[PDB]
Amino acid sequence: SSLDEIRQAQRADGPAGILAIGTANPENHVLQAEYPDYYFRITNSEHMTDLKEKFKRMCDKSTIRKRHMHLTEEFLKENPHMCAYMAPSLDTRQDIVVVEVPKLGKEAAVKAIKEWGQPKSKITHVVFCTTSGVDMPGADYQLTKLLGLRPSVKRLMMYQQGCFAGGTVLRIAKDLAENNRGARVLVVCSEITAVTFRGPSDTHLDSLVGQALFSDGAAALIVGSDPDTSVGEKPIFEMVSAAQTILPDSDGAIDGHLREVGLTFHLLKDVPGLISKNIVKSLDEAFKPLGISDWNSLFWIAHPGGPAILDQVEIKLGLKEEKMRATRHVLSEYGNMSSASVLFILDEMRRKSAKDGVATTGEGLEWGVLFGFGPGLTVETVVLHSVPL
């Protein structure tokens, strides 16, 4: 009767858990070892000898083996305004991603829902995250329609977020799941690089870095509190806390603008240096309340923005070489899929732990940390607890 009684009946009891994970990528892919030749050919830039050498080194140093790409050679031959460094092309780019982003997200979601094993009518919330295009209604609406979810799902559409948003969606889903009894949140991150792909310019080498790193993929979760074992629900990871911060002295480090030529990125500061200089402050804030100071006692998920970020974090913190294994595996096999990447890494970690027969889903350890890194410079920090295997 009272507002207080309503509130206590309305909310969930326990911590939010990741109950399922599914992933998907465009079938089409490129092998990084061959990408400099392909990219300089399809962008009609083979005369740019010195710049191609620089790009070969960038691709060789990336540690990426394979990247999935919706964009094909045959399509790009018909679309020279997308192959240019800077030609008016946003309309064509949008036409691609407003369709392909929710379609790829649906492929991941179907896999997540199958693992979860519950009827899709039990989904109560949808969180959709992309940095690839914008539209109204959003990709969240399109996904709801493609999956045939109930019309009364509570949706949140996160557009143009950037590379930290794999942490953001976990932070969002946590509050949605924990504050609503029975809530089951479908989280989807889906990224298609058709809005950022562009040709090379020897006066914009930061733009070239993105052409070596960014790739396509989608990941889907089911998140909920109070799992029901009797119907087959089983958490994989439990969320304990989620934080966000802006790093000091980082203004303008990474900017991204949506313009008539599509999405462009600009780097003005040493991003690996900024992240590694400050990450310990986020670890202390997250884990001092829990009594944890040994960062090698954690299982680790870090957004693989590029190899230098991972290398410099590992050195600064004294992490054992094994801590970044799952993260580096995803970077190697898939590249930087923006917001989806850390969700691929969670999947890789729990699958390897199960295959190996270790004691928990987090490599046999109890506590873990997940980091998103992106424009701001923004750092998202999620504390995770593993589940016994």
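One rule holds for the numbers: they count along the sequence shown, beginning at 1.
- Between 44 to 52 and 24 to 32, it is 44 to 52 that carries the larger average Cα temperature factor according to the deposited entry.
- Higher mean CA temperature factor, per the PDB entry, when comparing 166 to 174 with 248 to 256: 248 to 256.
- Among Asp347, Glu322, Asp37, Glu333, the highest C-alpha B-factor in the deposited entry belongs to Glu322.
- Highest C-alpha temperature factor among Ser225, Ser215, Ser190, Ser293, as the PDB entry reports it: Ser293.
- Sort the modelled residues of the chain by CA B factor and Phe128 lands in the lowest third.
- In the PDB entry, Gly210 places in the highest third of its chain by CA B-factor.
- For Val101, the recorded CA temperature factor ranks within the lowest third of the chain's modelled residues.
- Compared with the other modelled residues of the chain, the Cα B-factor recorded for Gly199 ranks in the middle third.
- For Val261, the recorded CA temperature factor ranks within the middle third of the chain's modelled residues.
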